[PDB]
Amino acid sequence: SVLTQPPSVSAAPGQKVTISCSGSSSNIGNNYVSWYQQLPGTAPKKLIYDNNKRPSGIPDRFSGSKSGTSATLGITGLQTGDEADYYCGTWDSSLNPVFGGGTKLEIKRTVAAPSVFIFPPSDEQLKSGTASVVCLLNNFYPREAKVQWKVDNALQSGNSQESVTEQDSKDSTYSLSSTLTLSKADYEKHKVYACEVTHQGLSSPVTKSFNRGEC
Amino acid sequence: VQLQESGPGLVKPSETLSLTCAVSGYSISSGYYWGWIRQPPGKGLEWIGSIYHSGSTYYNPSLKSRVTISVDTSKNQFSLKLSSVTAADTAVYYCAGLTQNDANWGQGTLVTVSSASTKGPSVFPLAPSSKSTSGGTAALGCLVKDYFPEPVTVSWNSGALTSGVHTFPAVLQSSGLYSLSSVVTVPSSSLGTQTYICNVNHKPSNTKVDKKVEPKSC
């Protein structure tokens with residue numbers, strides 16, 4: 001990366017955002033600017049070339065301009081499908097391609113509480129000698145969520161890992177998966193396994209638990 | 001017009017990364033330029049180099065002593081060699097080309113530079129039960145565990161099931177191996193009539209698994 005972009009930007013569907021791209025006189029200052037959209041998992045797709053031109057197939061919701069050593073991508077009529085990383089690109093004083101570090105666009109939506117599900121380890125995993133307990137927080141907003149593991153009422157700390165999806169392209173929510181892993185011997189030393197979820201959309205913490213051996 | 005990358009998932013430090021891009025639906029000789037761009041994990045885009053119509057090449061100055069880009073007219077391919085790799089070369093590598101205002105891109109291939117070894121996943125079910133039901137909705141899925149390097153791909157019912165699927169970013173466990181889960185939510189009423197299979201492919205170890213996920217008994 002060479003060009004400077006803000007890390008993230010956000011707005012509600014139907015509104016406008018702009019994404020800025022800061023460069024120097026030797027790149028943006030003297031050269032055309034392009035903009036790229038990258039949806040999670042895909043290659044960059046070009047939105048803008050020659051500062052302000054749209055390739056065929058890019059709707060006029062997307063626009064670009066350039067002034068001095070800066071450039072700007074504008075996106076009107078925001079849609080949930082616009083959730084993506086956006087990159088500006090230009091050429092340096094050697095006419096080699098340079099890119100900005102990217103901007104993540106987040107769509108603002110109403111608060112949504114997670115649905116919480118818990119998964120005991122499988123018998124198949126248990127026979128292989130380990131036990132992974134999975135807590136699922138499905139479709140929540142905003143992203144901030146807290147998961148606490150308790151085993152026989154003992155707070156687990158440093159014992160688990162979680163990860164979070166990218167924002168859903170259809171309803172702008174997130175989902176979170178948390179895994180607590182134990183050895184088989186340790187799994188068999190305890191009865192109650194519980195995941196406690198805290199989130200803005202819940203008026204009080206939600207707990208899902210099972211007793212080892214009820215299935 | 002389609003571009004498709006092929007190449008090693010894992011490369012040992014100080015060895016040579018070698019990638020090819022197969023071009024369909026277009027003649028390699030007809031391209032204006034063909035090139036390579038990479039994206040290290042969680043970071044932006046970095047141009048590696050391009051080769052033009054004439055055969056002339058231009059490389060990123062910071063990489064140029066390690067890079068070779070060439071074209072195979074008979075295979076209708078072009079390639080990238082990057083010698084003496086280190087961990088810093090870990091990245092999703094994209095091929096790209098401009099044909100006769102908008103380049104074509106490959107799909108990207110993740111190359112990991114590491115002195116660790118390849119390891120295939122075990123695939124365990126995340127079985128649905130009352131503990132994974134909320135109303136008329138049930139959650140189920142597959143835990144894809146202890147594999148190296150990334151990536152794995154997961155689909156459901158050979159792609160026929162996509163609505164309500166969430167495949168999470170892998171996590172690097174303290175063992176040095178990755179673990180991933182993929183879940184789907186479905187009507188509870190379907191649990192006894194619809195089969196749910198998660199299709200798992202770990203291309204670096206050549207591990208493919210189709211694992212049926214059946215409701216528990218609690």
Side-chain angles (χ1 to χ4, degrees), chain A residues 1-3 5 36 38 41-46 49-50 53-58 85 87 89 94-102 115-126 128 130 132 134 136 138-139 161-166 168 170 174-177 179 181 208-210 214-215, chain B residues 3 35 37 39 42-47 49-50 58-61 92 94 96 101-108 122-135 137-141 143 145-146 163-164 166-174 179-183 185 211 216-218:
Chain A
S1 168
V2 173
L3 314 174
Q5 303 176 232
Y36 298 85
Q38 183 182 35
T42 74
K45 176 172 68 169
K46 187 150 68 178
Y49 65 104
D50 285 350
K53 301 179 180 171
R54 288 176 287 112
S56 170
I58 306 302
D85 296 347
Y87 293 90
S94 300
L95 291 190
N96 292 326
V98 290
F99 300 96
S115 310
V116 185
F117 307 94
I118 194 171
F119 295 97
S122 65
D123 284 319
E124 199 203 337
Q125 187 185 19
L126 281 171
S128 76
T130 63
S132 306
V134 175
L136 171 60
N138 209 43
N139 291 1
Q161 295 185 283
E162 63 183 42
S163 73
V164 186
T165 57
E166 299 288 349
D168 184 83
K170 276 188 292 184
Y174 299 91
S175 290
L176 182 152
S177 180
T179 303
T181 299
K208 289 288 183 175
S209 67
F210 63 92
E214 59 200 15
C215 49
Chain B
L3 277 68
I37 300 171
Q39 184 167 34
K43 301 223 292 186
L45 309 166
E46 182 185 25
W47 173 74
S50 304
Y58 294 99
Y59 302 144
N60 185 317
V92 169
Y94 298 95
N101 303 309
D102 207 346
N104 291 99
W105 291 70
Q107 70 195 185
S122 295
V123 182
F124 303 115
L126 299 167
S129 62
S130 54
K131 298 302 179 182
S132 81
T133 303
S134 204
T137 308
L140 57 97
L143 175 63
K145 197 169 181 297
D146 293 343
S163 180
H166 292 306
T167 298
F168 294 87
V171 290
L172 188 56
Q173 304 168 99
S174 47
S179 185
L180 173 150
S181 64
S182 172
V183 305
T185 59
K211 176 71 175 165
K216 273 184 186 298
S217 176
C218 263

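Chain naming here is simple, since letters A, B, ... match the order of the sequence lines and numbering starts at 1 in each. FYI, side chains are in, hydrogens and waters are out, and symmetry mates aren't considered; it's all heavy atoms of this structure.
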For this session: Could you look at A:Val164 and say if it's the side chain, the backbone, both or neither that has a heavy atom under 4.5 Å from chain B?
Result: backbone
Exercise. Of all of B:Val92, B:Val171, B:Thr167, which one pairs up most often with chain A through heavy atoms under 4.5 Å apart?
Worked result: B:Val171
Exercise. Is it the side chain or the backbone of A:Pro44 that comes within 4.5 Å of chain B heavy atoms, both, or neither?
Worked result: both
For this session: Check each atom of A:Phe117 against the heavy atoms of chain B and say whether the ones under 4.5 Å are side chain, backbone, both or neither.
Result: both
Seminar exercise, completed: Turns out that what part of B:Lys131 lies under 4.5 Å from chain A's heavy atoms comes down to both
Seminar exercise, completed: Between B:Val183 and B:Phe168, the two heavy atoms sitting closest are CG2-CE1, 3.8 Å
Problem set entry | Heavy-atom side-chain contact between B:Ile37 and A:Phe99 under 4.5 Å | yes
Exercise. Where does B:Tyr94 contact chain A at under 4.5 Å (heavy atoms): side chain, backbone, both or neither?
Worked result: side chain
Problem set entry | Residue B:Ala127 versus chain A: region with a heavy atom under 4.5 Å | backbone
Problem set entry | Where A:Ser132 and B:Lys145 come nearest, the two heavy atoms and their spacing | OG-CE, 3.3 Å
Problem set entry | Most contacts with chain A, counted as non-hydrogen pairs under 4.5 angstrom, among B:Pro61, B:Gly44, B:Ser181, B:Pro169 | B:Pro169
For this session: Please state whether the side chain, the backbone, both or neither of B:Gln39 comes within less than 4.5 Å of a heavy atom of chain A.
Result: side chain
Problem set entry | B:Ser122 versus chain A, the contacting section by heavy-atom distance below 4.5 Å | neither
For this session: With a 4.5 angstrom heavy-atom cut-off, could you sort out which part of B:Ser50 is near chain A: side chain, backbone, both or neither?
Result: neither
Exercise. Side chain, backbone, both or neither: which part of A:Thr165 has a heavy atom under 4.5 Å from chain B?
Worked result: both
Problem set entry | Qualifying residue, where the test is side chain to side chain contact (heavy atoms under 4.5 Å, CB included) with A:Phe119 and the options are B:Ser132, B:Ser129, B:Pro128 | B:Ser132
Seminar exercise, completed: Pair count under 4.5 Å, heavy atoms only, with chain B: among A:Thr42, A:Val2, A:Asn96, A:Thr181, highest is A:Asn96
Exercise. To the nearest 0.5 Å, what is the distance between SG (A:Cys215) and NZ (B:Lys216)?
Worked result: 5.5 Å
Seminar exercise, completed: When the 4.5 angstrom heavy-atom criterion is applied to A:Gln38 and chain B, the contacting part is side chain
Problem set entry | Per-residue contact mode, A:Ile118 against chain B (heavy atom under 4.5 angstrom) | both
For this session: Using non-hydrogen atoms and a 4.5 Å limit, figure out which bit of A:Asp168 sits close to chain B: side chain, backbone, both or neither.
Result: side chain
For this session: Select, from A:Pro121, A:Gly89, A:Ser209, A:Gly102, the one with the greatest count of heavy-atom pairs under 4.5 Å involving chain B.
Result: A:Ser209
For this session: Specify which of A:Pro97, A:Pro55, A:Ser122 makes the most heavy-atom pairs with chain B at under 4.5 Å.
Result: A:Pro97
For this session: State whether the side chain of A:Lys46 and the backbone N or O of B:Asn101 hold a donor-acceptor pair below 3.5 Å, judged by distance alone.
Result: yes
Problem set entry | Region of A:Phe210 that comes under 4.5 Å of a non-hydrogen atom in chain B | both
Exercise. What option among A:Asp50, A:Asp85, A:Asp123, A:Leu176 has the most heavy-atom pairs under 4.5 Å with chain B?
Worked result: A:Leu176
Exercise. Looking at A:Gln125, A:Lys208, A:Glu214, which has the largest count of heavy-atom pairs under 4.5 Å with chain B?
Worked result: A:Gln125
For this session: Go through B:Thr137, B:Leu126, B:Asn60 and name the one with the most non-hydrogen pairs under 4.5 angstrom from chain A.
Result: B:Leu126
Exercise. How about A:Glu124 and B:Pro125: do any of their side-chain heavy atoms sit closer than 4.5 Å?
Worked result: yes
Exercise. Where on B:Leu180 is there a heavy atom nearer than 4.5 Å to chain A: the side chain, the backbone, both, or neither?
Worked result: neither
For this session: With a 4.5 angstrom heavy-atom cut-off, could you sort out which part of A:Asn138 is near chain B: side chain, backbone, both or neither?
Result: side chain
For this session: Pick one of side chain, backbone, both or neither for A:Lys45, based on which atoms fall under 4.5 Å of a heavy atom in chain B.
Result: neither
Exercise. Does the side-chain contact (heavy atoms from CB on, under 4.5 Å) test come out yes or no for A:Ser115 and A:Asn139, once each step is laid out?
Worked result: CA-CA 7 Å; A:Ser115 310; A:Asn139 291 1; 5.7 Å; no
Exercise. Is it the side chain or the backbone of B:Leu143 that comes within 4.5 Å of chain A heavy atoms, both, or neither?
Worked result: side chain
Seminar exercise, completed: If one checks every heavy atom of A:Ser128 against chain B at 4.5 Å, the contacting part turns out to be side chain
Exercise. What pair of heavy atoms forms the shortest contact from A:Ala43 to B:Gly106, and how long is it?
Worked result: CB-O, 3.6 Å
Exercise. Where is the tightest heavy-atom contact between A:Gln161 and B:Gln173, given as atom of each residue plus distance?
Worked result: OE1-CA, 3.4 Å
